[PDB]
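Quick note: the sequence shown, position 163, residue 151 per the deposited numbering, numbers continuous. Read the structure below first, then the notes.
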Amino acid sequence: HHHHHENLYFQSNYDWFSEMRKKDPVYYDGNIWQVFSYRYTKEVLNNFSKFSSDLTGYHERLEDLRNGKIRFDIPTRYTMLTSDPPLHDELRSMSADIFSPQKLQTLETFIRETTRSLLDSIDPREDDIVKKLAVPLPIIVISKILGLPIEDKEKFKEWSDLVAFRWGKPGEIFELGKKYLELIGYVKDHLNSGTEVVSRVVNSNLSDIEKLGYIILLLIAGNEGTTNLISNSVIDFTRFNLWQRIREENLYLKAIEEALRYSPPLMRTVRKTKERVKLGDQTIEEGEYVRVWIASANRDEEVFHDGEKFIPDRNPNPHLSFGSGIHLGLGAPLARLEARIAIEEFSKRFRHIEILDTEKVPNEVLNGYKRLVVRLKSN
Ligand code: NI
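The structure is reproduced here in structure tokens:
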């Protein structure tokens, strides 16, 4: 009954994950269950009837929402990501069709041209790729897809970091307001110019708060994840000296996937148990929180042979960086496409890459870089 491990100073998160995978893969720390193995992680993610994503009370509050009655709650609490069927299926079905192969094939040119434009702005002597490429690309592309014209990309970055960081925090809308009220004003002022998916959401039976949460989810959530995928890929391909090989062997799709496995932008996700469940050899009581470590599962030697090595052509690569089951990332194809095109165009342009300075995104759940300063050789 209750037992503590924990990452200690001399160890490093992946060494701790390796230990937990070997010694204690389903672990109660006295407060929350932590899961580290591929087998049990996937099990938790796929068994939504027992491990719930309703962690925000979306379901408990739905009526006080569809009949109108709450007014200063945080919208990102009420999205498809924090709901269970049948509400989840209803919400997701409004947009499943948006990232279809045909539409992304029609956006390849826009994305490629945008990427080239962003690359045109990099100083090869010294520059921050996170600032010049990784951040602006997903904001511009998602803006095109949803039809929300984005004037000041920097205000938008601020709003995206503000909302993403504090996602699901039970609180009052005033908590911030200085940046957040501006974001809300923007979405209402631009709820007309919108693309088919946005119009479907506004003209629906969702409460106004659900409508905002849904639009914010699509517009802002994927931005930090895709930025971090791109920057993590740049670091990994440089650290492991893979740029030449990736180019000569056309490894872009496989190498980007290995970046997703090895350096997942999202490290963990959470479920709440609805009933007593057996998970492995452990019994977890109704109402407990389960933290699933995608980063650990993605290195499990039972699934990924030689899992601690970066293998740019690893195949199969059944990583969990986009999740598994009914909540499998809606935006996964778009994230992959933006990252593949970005890495492709960048690799075409610069032949010698030297990393000069890095600053990490400070937080144990998200994995990426606030700053990535590099030197480039043209030709
Ligand atoms: Ni204790």
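A virtual CB, placed ideally from N, CA and C, is assigned to each residue, including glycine.
Leaving aside the five residues that flank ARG104 on each side, the residues in its chain whose CB is nearer than 8 Å to its CB run, in chain order, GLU333.
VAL258: not part of any alpha helix (DSSP H); member of the beta strand (DSSP E) spanning 256 to 261, first to last residue. In the DSSP assignment, the residues bridged to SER366 are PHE338.
For the ligand NI, residues qualifying as neighbours are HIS(-10), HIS(-8) and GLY18, where qualification means a beta carbon closer than 7 Å to at least one of its heavy atoms (chain order). Per DSSP, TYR168 is one residue of the alpha helix (DSSP H) stretching across 168 to 177.
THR271 is bridged by DSSP to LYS266. With a contact defined as Cβ atoms closer than 8 Å, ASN216 and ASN355 qualify at about 6 Å.
Bounds of any beta strand (DSSP E) do not take in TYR202; it lies within the alpha helix (DSSP H) bounded by 196 to 204. The Cβ neighbour count for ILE282, taken over all protein chains shown within 10 Å, is at least 16; the residue is labelled buried.
DSSP, read as helix, strand or coil, puts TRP147 in helix.
In this structure, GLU326 sits away from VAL23, with a CB-CB distance that is not shorter than 8 Å. If you draw a 10 Å sphere on the C-beta of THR102, you find 16 or more other C-beta atoms in it, and that means buried. Shown here, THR44 sits in coil according to DSSP, grouped into three states, outside any helix or strand. Taking a contact to require three or more Cβ pairs closer than 8 Å, the region 165 to 174 and the region 146 to 155 qualify as touching. By the neighbour-count criterion, in which 16 or more other beta carbons inside 10 Å mark a residue as buried, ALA84 falls on the exposed side. By the C-beta density criterion, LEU364 is buried, having at least 16 other C-beta atoms within 10 angstroms. Looking only at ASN220, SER251, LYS358 and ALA209, the smallest Cα-Cα distance to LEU318 is reached by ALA209.
When the beta-carbon positions are compared, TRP4 and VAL14 stay at least 8 Å from each other. For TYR277, the enclosing beta strand (DSSP E) starts and ends at 277 to 281. Per the C-alpha coordinates, the member of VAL118, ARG227 and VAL265 positioned closest to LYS348 is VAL118. Rounded to whole angstroms, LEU75 and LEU50 show a C-alpha spacing of 9 Å. Sequence-distant Cβ neighbours of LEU79 in its own chain, meaning closer than 6 Å and more than five residues away, are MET68.
Distance from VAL278 to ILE272 at the Cβ level is roughly 7 Å; contact confirmed, criterion being Cβ atoms closer than 8 Å. Of all C-beta pairs linking the region 131 to 144 to the region 180 to 193, three or more are shorter than 8 Å, placing the two stretches in contact.
If you look at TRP231, you'll find it in the alpha helix (DSSP H) that goes 231 to 236. In the three-state DSSP reduction, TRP155 falls in the coil class, being neither helix nor strand. Between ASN305 and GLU263, the C-beta spacing is not below 8 Å. Check the Cα spacing between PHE338 and each of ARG328, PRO158, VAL353 and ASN367: the tightest is with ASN367. In the structure shown, the three-state DSSP call for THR94 is helix. Within the same chain, Cβ atoms closer than 7 Å to the Cβ of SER221 are found at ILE244, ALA247, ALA327 and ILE331, the five residues on either side in sequence being excluded.
In the DSSP assignment, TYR16 falls within the beta strand (DSSP E) that extends over 14 to 16.
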